[PDB]
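Worksheet: one structure, shown below.
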Amino acid sequence: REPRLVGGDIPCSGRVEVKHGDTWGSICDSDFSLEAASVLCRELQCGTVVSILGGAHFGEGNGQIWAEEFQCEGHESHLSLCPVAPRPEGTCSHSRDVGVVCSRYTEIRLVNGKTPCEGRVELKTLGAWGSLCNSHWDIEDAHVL
Amino acid sequence: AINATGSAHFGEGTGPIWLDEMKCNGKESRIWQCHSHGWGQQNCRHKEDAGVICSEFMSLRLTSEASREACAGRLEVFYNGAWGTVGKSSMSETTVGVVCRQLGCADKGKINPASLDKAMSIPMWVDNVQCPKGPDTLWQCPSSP
Ligand SMILES: *[C@@H]1O[C@H](CO)[C@@H](O)[C@H](O)[C@H]1NC(C)=O
Ligand SMILES: [Ca+2]
Ligand SMILES: [Ca+2]
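Note that the protein sequences, when read in sequence, are chains S and W. Basically the working numbering = 1-based index in the first sequence + 7. Basically the working numbering = 1-based index in the second sequence + 10.
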């Protein structure tokens with residue numbers, strides 16, 4: 008069970024697509040719960056689920072849509088270990104694709120520094136790149152970066 | 011069958027659910043042969059349970075003007091989804107006692123003549139009831155067909 012997020016400009020927000028070993032397929036909204044979404048953000052290294060958006064808000068998914076329904080405890084590391092329950096085929100359509108917005112949305116990089124690990128801090132927000140202010144920037148911030 | 015009871019009306023079962031969405035033509039001899047989603051596959055819970063009321067389900071009560079159930083009144087028996095009276099022929103003291111003890115009114119009892127008012131003039135289901143010594147319930151006493 009390999010999940011991924013597509014169709015989103017935000018780094019940790021997009022439409023849910025689960026790979027069943029070889030094929031990529033979308034997930035219907037009625038088959039996704041809060042516990043399953045929390046596992047998906049954790050597996051994708053995005054931290055915490057913020058919202059669950061149905062109706063193909065992030066992007067009209069293509070390909071097949073699986074009728075598998077996730078019955079998730081909530082503490083599973085991956086979607087693969089989470090028990091699921093099959094359903095009769097053809098239950099859901101394309102217009103009800105599930106979307107997930109996780110927490111880790113900020114993107115920061117270091118540029119123009121000769122070393123890849125050293126450089127001025129640049130942060131992208133509202134569709135533009137810019138340089139972070141030095142004021143109130145200290146060693147604790149630097150270590151996390 | 012006369013009724014198919016749902017929503018755990020009869021009771022709540024603790025065992026795991028074995029079948030889901032049973033579709034049967036009604037003529038198959040064994041319950042297994044009917045179509046289902048899969049053996050041991052389910053999406054319900056224990057709160058949903060299936061009950062059945064068969065044709066030969068018998069209950070006993072006394073009908074009176076004041077109350078539907080009373081310690082004195084007309085004797086009624088329930089069979090094949092219908093209520094029926096019982097004839098007075100071959101009536102015995104032991105049979106009267108067994109009727110009273112089954113419904114928890116008294117130990118012995120007595121037969122009073124017919125009252126002035128009778129409800130709906132329901133038919134007779136059984137006649138010539140002869141009760142031996144020993145059976146607490148009326149179902150064990152021989153009678154006419
Ligand atoms: C059984 O079905 C009959 C016929 O529909 C109905 O009158 C009766 O109320 C039902 N009994 C129960 C207990 O559901
Ligand atoms: Ca079902
Ligand atoms: Ca059926």
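No residue lacks a Cβ here, since even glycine has one placed at the ideal position from N, Cα and C.
- [ ] May I ask you to list the residues that DSSP assigns as paired with residue 161 of chain S?
- [x] No answer is possible for residue 161 of chain S: it lies beyond the span of chain S, which begins at 8 and ends at 152.
Open item on the list: When you compare the CB positions of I34 of chain S and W73 of chain S, do they come within less than 8 Å of one another, or not?
Closed with: yes
Open item on the list: Let me check one thing: in DSSP terms, what residues is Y89 of chain W bridge-paired to?
Closed with: W:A92
TODO: Check whether the Cβ atoms of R8 of chain S and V25 of chain S sit closer than 8 Å, and answer yes or no.
DONE: yes
Task: Residue interval of the beta strand (DSSP E) (run including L117 of chain S) - done: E114 to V118
Task: DSSP three-state assignment for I63 of chain W, whether helix, strand or coil - done: strand
- [ ] Could you list the residues in the region 30-60 of chain W with a C-beta less than 7 Å from some C-beta on chain S, going in chain order?
- [x] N53
Open item on the list: Please state the DSSP three-state secondary structure of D148 of chain S.
Closed with: helix
Task: 9 Å Cβ cut-off: residues of chain W touching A92 of chain S - done: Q51, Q52 and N53
Task: Supposed contact pair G15 of chain S and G21 of chain S - C-beta distance, whole angstroms, cut 8 Å - done: 3 Å
TODO: Excluding the 5 residues preceding and the 5 following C81 of chain W in the sequence, name in chain order all residues of the same chain whose CB lies nearer than 6 Å to its CB.
DONE: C115
Open item on the list: Under 7 Å: does the beta carbon of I12 of chain W sit that close to some heavy atom of ligand 1?
Closed with: yes
Open item on the list: Measuring only from the beta carbon, is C34 of chain W closer than 7 Å to any heavy atom that is part of ligand 3?
Closed with: yes
- [ ] Enumerate, from N- to C-terminal direction, the unbroken beta strand (DSSP E) stretches of 3 or more residues contained entirely within the region 75-144 of chain S.
- [x] 106-109, 114-118, 127-132 and 135-138
TODO: Please report the residue range of the beta strand (DSSP E) in which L41 of chain S lies.
DONE: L41 of chain S -> not in any beta strand (DSSP E); alpha helix (DSSP H) instead, spanning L41 to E50.
Task: beta strand (DSSP E) segment containing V23 of chain S, residue limits - done: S20 to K26
Open item on the list: Any residue with its C-beta under 7 Å from a non-hydrogen atom of ligand 2 counts. Can you list them all in chain order?
Closed with: W:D30, W:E31, W:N53 and W:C54
- [ ] Compute the Euclidean distance between the alpha carbons of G61 of chain W and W28 of chain W, then round it to the nearest angstrom.
- [x] 15 Å
Task: Host alpha helix (DSSP H) of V108 of chain W (start-end) - done: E103 to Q112
- [ ] Please report the Cβ distance between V107 of chain S and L47 of chain S, rounded to the nearest whole angstrom; I am assuming they are in contact, meaning their Cβ atoms lie under 8 Å.
- [x] 6 Å
Task: Inter-residue CB distance, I132 of chain W and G94 of chain W (contact presumed, cutoff 8 Å) - done: 6 Å
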